[PDB]
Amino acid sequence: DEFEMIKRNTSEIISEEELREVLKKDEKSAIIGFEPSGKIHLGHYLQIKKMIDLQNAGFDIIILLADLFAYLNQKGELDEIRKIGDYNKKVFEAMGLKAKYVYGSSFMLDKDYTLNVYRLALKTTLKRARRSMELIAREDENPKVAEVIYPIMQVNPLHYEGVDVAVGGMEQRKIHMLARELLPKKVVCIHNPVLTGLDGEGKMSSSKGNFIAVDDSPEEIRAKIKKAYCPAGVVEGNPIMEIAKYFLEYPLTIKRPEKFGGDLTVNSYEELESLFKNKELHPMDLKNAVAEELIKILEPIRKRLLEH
């Protein structure tokens, strides 16, 4: 099913009935926005993989390099942000994405864009804007006015003209709930889960420095994975298991020494999860398998980012 391919590994689709209608049409487009990021990590790639799914299913793909948004979220000066955006777009092309790339600031300063922001600032409460940003806003002991403008710009109808589907992480869902209420035409949201960071502390993050970057060296992936929170028998909160779920190909053959049980062949992640949960498979053989298949999945991307 095209539908079930798109739905595989998302946390929610709002809504499924509207997505079946979109899939019927001959012309459909899907958008995702990203604040430019100094490092692109597996959190980014999970979402790019969803966009490749939509692209296989017939959708035109639009990537918004959300530079002004990064600007409001205190990531720096704009033309410095627009140069990080340029690099991120190289990375997304090396992931195998066939898309159109738009810089926010190329249209977000237009008079009609600006008037919608003022119009929406009239319908949106300070309390709701702030709630909507709890998972997104840069850490700040004295919150700035910029924090409450960010979500109203994210739900501006100009971002969604001729767009059927928006894709984002679950950390964006309150902002999308706002847009569901306030947008003139309905857009389907597809939310992808948030990856746990390597120490299990919170969520994977370019500023928490708890991530694996797609351009990481092999030795580097090994060392991050070796150090990673992965309690025996525990799946919930375990970032090594998450990587197994969202990134690996099954059936999976796990090489191990014959004293640890010999080569193991798992035909599904659900099979891996039962093996792991009852301790027929130890963190260390998991880790070696995950590290080794992660290296092979990332290699072509590291290669073209390094080509020259």
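In this text, residue numbers run from 1 along the sequence as written.
For the pair 199-207 and 174-182, the mean Cα B-factor is higher in 199-207.
Per-stretch averaging of Cα B factors for 121-129 and 134-142 places 134-142 on top. Comparing C-alpha B-factors across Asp164, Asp112, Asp79, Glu147 in the deposited entry, the largest value falls on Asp79. Across the options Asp60, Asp53, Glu280, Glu35, the residue with the most elevated CA B-factor in the record is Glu280. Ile14 sits in the lowest third of its chain by CA B factor, as recorded in the PDB entry. Split the chain's modelled residues into thirds by C-alpha temperature factor. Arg222 is in the middle one. The entry lists a Cα temperature factor for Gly169 that places it in the lowest third of the chain's modelled residues. In this PDB entry, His191 carries a Cα temperature factor that places it within the lowest third of its chain's modelled residues. For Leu65, the recorded CA B-factor ranks within the lowest third of the chain. Only modelled residues enter the ranking.
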